[PDB]
Each structure stands twice: as C-alpha cells, then as structure tokens.
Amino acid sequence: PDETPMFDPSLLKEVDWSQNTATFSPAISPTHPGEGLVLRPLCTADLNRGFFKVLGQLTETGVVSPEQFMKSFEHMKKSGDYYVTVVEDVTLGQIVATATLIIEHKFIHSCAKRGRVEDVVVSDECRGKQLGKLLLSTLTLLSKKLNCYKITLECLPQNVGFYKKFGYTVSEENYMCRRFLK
C-alpha cells in the first residue's frame, strides 16, 4: 500500500477549467478544491484513509481485503481506462469524496473512446463543499481531454436538473438492467 496514483495527476491539473459550465460559489477548481483539500487520483495508501467508509456510505460493501484492493487497483491502473478520483481532507488525512471516470473503447467512430461517470459520492458530514459539482465537472472535462467522443451517466429523475449543468442532456434511450446478485 503506497502513494502511487492510478493515473498521472498532471492529467487533472492540466484540465481546462475555463471549459467548466457549472456555477461555482465560491469559485473553486481542481487546483483549488477548498481550504485543506486536494483533488487527486486514488492510490493504494487511501485504503487506510477511509476510502471504503466513503464508498460504503453509498452502499454497504463487505470487508474488502487489502490484497483484493491492490489487485483491483493494479488492473484498473495499468488498464489506463480507469480514472478513480478522490478528494482528501488533508487536515484530517481522510478521503471525503470520490468519483470514477471509465474509458470504454469502441471500434465504431474511428475506434473511439467514450467515457462513463461512475460511483460519485461525497461524505455525509462534508456537504456544502461543492465536491459533487467539482468532481462531475472535472471528470466530464477529463474525458474530453482524453478525447472521448461522448460521456454518459445514470441519475434519478429528481437530479435530472443537477446534471444539465455539466453539458449533459437526457437521452431518449432507456437504461435497462438485470440483477444476478439480489
């Protein structure tokens, strides 16, 4: 378990924030998430930084073993297709938000990449920090930078408005789903 990021952190700091289409108030950015905050890729030491306690808020996982974490991490890391991003409160040394960008590869559209935004969560006692908006914008604009032809996500109809702020529109296509688990 080390500090080695999943992707090159230059990728985040080189994102053109002028291209952000959402209302920030106060105006924050990836470079300046807020007092005592760092927006960065996930690394292996984040295991001990309450990363699962932030994910698990969204949905109760089972005890993921350290070994299991590093395998998942490494496969994701050297795929080049996962951009698991985290906000750290440095003053407490804990993770306080996370969101994932997945690059999918296709053959259609000149062998193009499309993005998927997955697993956007912000810690319960850490609302009003705009880290949801912040991660969404960052991750959205990160996919453009990675030259995705498009980027998609699922949301509840109630938050359908929250996402229009990032350039997203409601597709006429339905999301369809089959559970094997439960």
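We number the residues from 1 along the sequence you see.
S.K.: Establish whether the other compared PDB entries of this protein leave residue 56 unmodelled at least a third of the time.
M.R.: No, none of the compared structures omit it.
S.K.: For residue 132, record whether it is unmodelled in at least a third of the other compared entries of this protein.
M.R.: In all of the other entries, residue 132 has coordinates.
S.K.: Going by the average Cα B-factor in the PDB entry, point out whether 48 to 56 or 113 to 121 comes out higher.
M.R.: Stretch with the greater average CA B-factor: 48 to 56.
S.K.: Taking the mean of the C-alpha B-factors per stretch from the entry, tell me the winner out of 96 to 104 and 74 to 82.
M.R.: For C-alpha atoms only, the mean B-factor is higher in 74 to 82.
S.K.: Relative to the other modelled residues in the chain, which third contains the C-alpha temperature factor of residue 28: lowest, middle or highest?
M.R.: Tercile = highest for this residue's CA B-factor.
S.K.: Please say which third, lowest, middle or highest, residue 146 falls into when its CA temperature factor is compared across its chain.
M.R.: Within its chain, residue 146 is a lowest-third residue by C-alpha B-factor, going by the deposited values.
S.K.: Which third, lowest, middle or highest, does the C-alpha temperature factor of residue 64 belong to within its own chain?
M.R.: Highest third.
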